[PDB]
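Q: Got a structure for you, written out below as structure tokens; questions coming shortly.
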Amino acid sequence: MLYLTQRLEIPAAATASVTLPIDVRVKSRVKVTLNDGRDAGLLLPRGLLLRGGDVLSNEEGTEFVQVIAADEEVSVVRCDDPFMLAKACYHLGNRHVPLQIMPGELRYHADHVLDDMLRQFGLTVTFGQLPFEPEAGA
Amino acid sequence: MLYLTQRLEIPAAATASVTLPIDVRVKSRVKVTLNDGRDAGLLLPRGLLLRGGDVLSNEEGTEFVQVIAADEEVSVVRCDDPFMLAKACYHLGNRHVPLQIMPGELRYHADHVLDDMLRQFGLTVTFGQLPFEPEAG
Numbered sequence: 001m002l003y004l005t006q007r008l009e010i011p012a013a014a015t016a017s018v019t020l021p022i023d024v025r026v027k028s029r030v031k032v033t034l035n036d037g038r039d040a041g042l043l044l045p046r047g048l049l050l051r052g053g054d055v056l057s058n059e060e061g062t063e064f065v066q067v068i069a070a071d072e073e074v075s076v077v078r079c080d081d082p083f084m085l086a087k088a089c090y091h092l093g094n095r096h097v098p099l100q101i102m103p104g105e106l107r108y109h110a111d112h113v114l115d116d117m118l119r120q121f122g123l124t125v126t127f128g129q130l131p132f133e134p135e136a137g138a
Numbered sequence: 001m002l003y004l005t006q007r008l009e010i011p012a013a014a015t016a017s018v019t020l021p022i023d024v025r026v027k028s029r030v031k032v033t034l035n036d037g038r039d040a041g042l043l044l045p046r047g048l049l050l051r052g053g054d055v056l057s058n059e060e061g062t063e064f065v066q067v068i069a070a071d072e073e074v075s076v077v078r079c080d081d082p083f084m085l086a087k088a089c090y091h092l093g094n095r096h097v098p099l100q101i102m103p104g105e106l107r108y109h110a111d112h113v114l115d116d117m118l119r120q121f122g123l124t125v126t127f128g129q130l131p132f133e134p135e136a137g
């Protein structure tokens with residue numbers, strides 16, 4: 001039974017693979033079927049951030065699996081007006097809502113109350129099944 | 001004494017004014033000093049936010065006091081890259097920091113800890129003595 005351990009920075013062979021949510025990419029240690037086929041456990045230190053593209057490796061180095069942010073039910077906000085988005089970011093952080101931030105776009109786990117709070121800013125909120133990479137801050 | 005009890009939606013020619021910082025402007029019941037030296041007691045409806053430009057009057061409609069946001073010690077954050085400002089807003093709100101948000105310009109009570117924290121994000125912080133008007137949520 002192969003078990004993942006250390007996390008390298010160097011993006012080696014993408015021959016192996018695994019796809020997990022944000023929920024599990026902060027467990028440091030767990031197990032479920034993978035993408036390369038070969039099931040495997042986990043051995044990562046405390047308080048680690050696993051990002052889409054972040055390669056992993058074992059003690060032997062024979063394998064270099066890759067972590068992939070699985071699609072997750074999220075609310076997506078797209079606007080080309082930084083101000084309207086800035087305001088939003090403020091109020092979401094004020095409720096400690098894990099949020100993904102990119103130019104012209106925001107992502108947070110689907111929640112209608114939040115969608116209505118954002119629509120109250122004249123923002124368009126649409127549902128999506130996409131990878132969720134919220135801001136570093138657990 | 002003199003009591004200001006209403007905030008007329010309808011403007012009017014001001015007969016006086018009182019300068020006040022945000023902490024006071026959130027206070028419904030309080031004794032203040034008009035800029036002409038007279039003492040007036042604010043007795044407006046509870047839970048109301050006084051903004052600069054607000055005009056308070058009395059029952060008899062014989063006094064129209066204009067609220068002026070007092071100059072406060074604030075840090076000012078800018079960046080030609082608007083996307084950089086957003087992340088700062090998210091973190092500031094995470095810490096529940098009163099914040100004034102304008103297009104390409106943030107403002108908050110000067111605090112050196114927050115300043116460094118924002119420089120990390122690579123934001124240039126500046127200082128000013130300006131009227132502070134934080135978001136109300």
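Line by line, the protein sequences give chains A and B.
Taking the entry's author numbering, the leading residue of the first sequence gets 1, the next gets one more, and so forth.
Taking the entry's author numbering, the leading residue of the second sequence gets 1, the next gets one more, and so forth.
Even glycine gets a Cβ: it sits at the ideal position worked out from N, Cα and C.
Looking at chain A, is there any beta carbon in it that lies within less than 8 Å of the beta carbon of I22 of chain B?
A: The count along the second sequence starts at 1 and reaches residue 22 of chain B at position 22. No - not a single Cβ of chain A is within 8 Å of the one on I22 of chain B.
Q: Give me the subset of the stretch 93 to 110 of chain A whose CB atoms are less than 7 Å from a CB atom of chain B, sorted by chain position.
A: Result list: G93, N94, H96, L99, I101 and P103.
Q: Any Cβ of chain A within less than 8 Å of the Cβ of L118 of chain B?
A: Translated into positions along the second sequence, residue 118 of chain B becomes position 118. No, its Cβ sits nowhere closer than 8 Å to a Cβ of chain A.
Q: Going by beta carbon distance, what residues of the same chain come within less than 6 Å of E73 of chain A, once the five residues before and after it are set aside?
A: Stepping through the first sequence from its first residue, residue 73 of chain A is reached at position 73. For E73 of chain A, where only same-chain residues beyond five positions count, the Cβ hits under 6 Å are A110.
Q: Just the C-alpha distance for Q129 of chain A and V97 of chain B, rounded to the nearest angstrom, thanks.
A: Position 129 of the first sequence holds residue 129 of chain A. Position 97 of the second sequence holds residue 97 of chain B. Roughly 32 Å separates the two Cα atoms.
Q: Specify the secondary structure class of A86 of chain A as computed by DSSP and reduced to three states.
A: On the first sequence, residue 86 of chain A is found 86 positions in, with the first residue counted as 1. Helix at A86 of chain A.
Q: According to the Cβ coordinates, are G104 of chain A and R78 of chain A closer than 8 Å?
A: Here residue 104 of chain A refers to the residue found at position 104 when the first sequence is read from its first residue. Here residue 78 of chain A refers to the residue found at position 78 when the first sequence is read from its first residue. The answer is yes: Cβ separation under 8 Å.
Q: On the criterion of 16 or more Cβ atoms from any shown chain inside 10 Å, does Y90 of chain B qualify as buried, or is it exposed?
A: On the second sequence, position 90 is the one that residue 90 of chain B refers to. Buried: at least 16 other Cβ atoms inside 10 Å.
Q: Under 6 Å Cβ to Cβ from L34 of chain A, same chain only, skipping five residues before and after it: list those, please.
A: Position 34 of the first sequence, counted from the start, is the residue given in the question as residue 34 of chain A. Answer for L34 of chain A: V18 and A40, listed in chain order.
Q: Going by CA-CA distance only, name the one from A:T5, A:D81 and A:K31 that's closest to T62 of chain A.
A: Position 62 of the first sequence, counted from the first residue, corresponds to residue 62 of chain A. Nearest of A:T5, A:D81 and A:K31 to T62 of chain A, Cα basis: A:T5.
Q: Quick check on DSSP: helix, strand or coil for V97 of chain A?
A: Taking the first sequence and counting its residues from 1, the one referred to as residue 97 of chain A is at position 97. Looking at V97 of chain A - three-state DSSP - the assignment turns out to be coil, as it is neither helix nor strand.
Q: If the cut-off is 8 Å on Cβ atoms, which residues from the stretch 37 to 48 of chain A count as contacting chain D, listed in chain order?
A: Absent here is chain D; the protein component of the structure consists of chains A and B.
Q: Whose C-alpha, out of B:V55, B:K87 and B:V24, is nearest the C-alpha of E9 of chain B?
A: The residue given as residue 9 of chain B occupies position 9 in the second sequence. Nearest option by C-alpha distance: B:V55.
Q: Quick one: which chain B residues come within Cβ less than 8 Å of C89 of chain A?
A: Reading the first sequence from its first residue, position 89 is the one you call residue 89 of chain A. The contacting residues are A86, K87, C89, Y90 and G93.
Q: Please report whether the beta-carbon of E133 of chain A lies at a distance below 8 Å from any beta-carbon of chain B.
A: Counted from its first residue, the first sequence places residue 133 of chain A at position 133. No, no contact with chain B.
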